[PDB]
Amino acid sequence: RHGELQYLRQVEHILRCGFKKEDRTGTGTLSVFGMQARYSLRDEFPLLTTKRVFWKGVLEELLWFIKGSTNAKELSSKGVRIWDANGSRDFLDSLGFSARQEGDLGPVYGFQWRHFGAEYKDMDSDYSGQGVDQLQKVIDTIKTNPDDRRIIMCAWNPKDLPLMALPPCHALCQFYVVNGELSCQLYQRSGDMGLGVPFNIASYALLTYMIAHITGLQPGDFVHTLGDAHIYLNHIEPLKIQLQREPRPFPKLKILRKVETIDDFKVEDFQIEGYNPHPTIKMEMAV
């Protein structure tokens, strides 16, 4: 059956069997703890079709992670504004970060992926050669010892949490190789089913395609594991509309040239083919 049906069944399960659970943002949710889905990456790319997903946002956000950036405004220069609210003067002030520049998210994904364990200063600092380049380590291990059971990139850093504008929603991922295929599992501690989760699915599928490309492997599965999987109260009616829509076959992702290192990928290297979504569904972000 269509892989998108897993996402839709998760949404329906939360609507039907989820518990009312208040949250940080003051919005309110319906919530379930503990879910898992498996999205095949084999000649298909799991960009949801039951609404038009902002693929440019997914793509730019991942390249921004990869380059090690923790500056929301670097992403905003690309017309991708998704991290502006959590980097705003008001939001940073609400957390007591009145001294740092607007857009400075702290030692979040980019910094942990490429410099885990280095001493964070600000978003502009030069961290070259400092900390653990987990992303490069993952790639190197896949190339040289693919049976390894420790192929992990972890953005969760207990020491640095107090400095983060938002601790990583996508906390840890693990890679796996068998039969010439590269799979990835994400541990996502917290999943906004309406906004974040469709992005997260596409983002880690894309990352897996990227790493598969540079390691000469074929993409296998993306296994999506959720902790607190929730529907914000103001997404209930939009999601009930979405749930009635028939998925279209997933698109394909093409990489348009041979790229040798993870740092060399550019937006122009990717083409989504055969993407036929239902119309955009508006959903407001909980700050």
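Start at 1 and count along the sequence shown; that's the residue number.
With 22 to 30 and 45 to 53 compared on mean CA B-factor from the PDB entry, the stretch scoring higher is 22 to 30.
Look at the mean CA B-factor for 159 to 167 and for 92 to 100 in the entry; the higher one is 92 to 100. Taking the deposited Cα B-factors for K121, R189, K78, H115, the highest one is held by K121.
The entry assigns its greatest Cα B factor, within the set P198, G110, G87, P146, to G87.
Per the PDB record, residue ranking by Cα B-factor puts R38 in the lowest third of the chain. In this PDB entry, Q244 carries a Cα temperature factor that places it within the highest third of its chain's modelled residues.
Ranked by C-alpha B-factor against the other modelled residues of its chain, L256 falls in the highest third. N179: CA B factor lies in the highest third for its chain, per the PDB record.
In the PDB entry, a CA B factor belonging to the middle third of its chain's modelled residues is recorded for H235.
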